[PDB]
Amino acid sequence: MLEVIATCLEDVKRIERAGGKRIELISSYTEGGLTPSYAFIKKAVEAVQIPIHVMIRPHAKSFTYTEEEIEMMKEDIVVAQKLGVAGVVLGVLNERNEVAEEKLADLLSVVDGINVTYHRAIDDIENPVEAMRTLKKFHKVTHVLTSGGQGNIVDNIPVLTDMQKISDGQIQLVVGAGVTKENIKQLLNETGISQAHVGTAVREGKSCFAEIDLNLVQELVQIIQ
């Protein structure tokens, strides 16, 4: 499965057109992806037939959200669901840089039968493996987006392996960050992970302010095949 970040309506459409199979709908690539506005979610869902997973992330300053921010995210999840999203992308850490387990429960309390991707917050956790361990606790989590820790994703091929083992098919894993032409198959097959997440690698000049090049998107899709 090739999942591609979309920051604008034209992204969304070219994603589907070139053969991407899932969209991560964001505002602001520069800040790592934040919750997009009402009308963007609304229209993005209406534009294509491929799944839309919307980012639920109110700012990029940390993953330790106030209780007022947790409620804000719950209310964005509810409206997203109403708007037809295929899932939401989120992740909250406690002060230990580990999974905030009660805050996650509260977030998921409003979820009802869409996917849930715990995102690259999990990479800040001291042990993603133990992070993956604690994640498998929550039934509503269907996916996890990850690069297997910090530094670049190549070195982290073994962690990705272990949590794919750890997940034991429970949670669907998605490699994200530093994903390219060259490493994608190298990344997918060495770890056993079957879903990839890209952004710039398929933008013109690999720029998030550029448009989607339908060339670059299909090149990875076929590599995935």
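Sequential numbering from 1, following the sequence displayed.
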So, looking at the entry's B-factor column for Cα atoms, which has the higher mean, 113 to 121 or 129 to 137? 129 to 137
Comparing 201 to 209 with 8 to 16, which stretch shows the greater average C-alpha B-factor in the deposited entry? 201 to 209
Based on what the PDB entry reports, which of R57, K185, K43, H53 has the top C-alpha B-factor? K185
Based on the PDB record, which member of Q81, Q150, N97, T142 exhibits the highest Cα temperature factor? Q150
Among all modelled residues of this chain, ranked by Cα B factor, put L107 in the bottom, middle or top third, i.e. lowest, middle or highest. lowest
In terms of the CA temperature factor given in the entry, to which third of its chain does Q49 belong: lowest, middle or highest? middle
Which third of the chain holds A39 when residues are ordered by C-alpha B factor: lowest, middle or highest? lowest
Can you tell me which third, lowest, middle or highest, the CA B-factor of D155 falls into for its chain? highest
Thinking about Cα B factors across the chain, which third does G178 belong to? highest
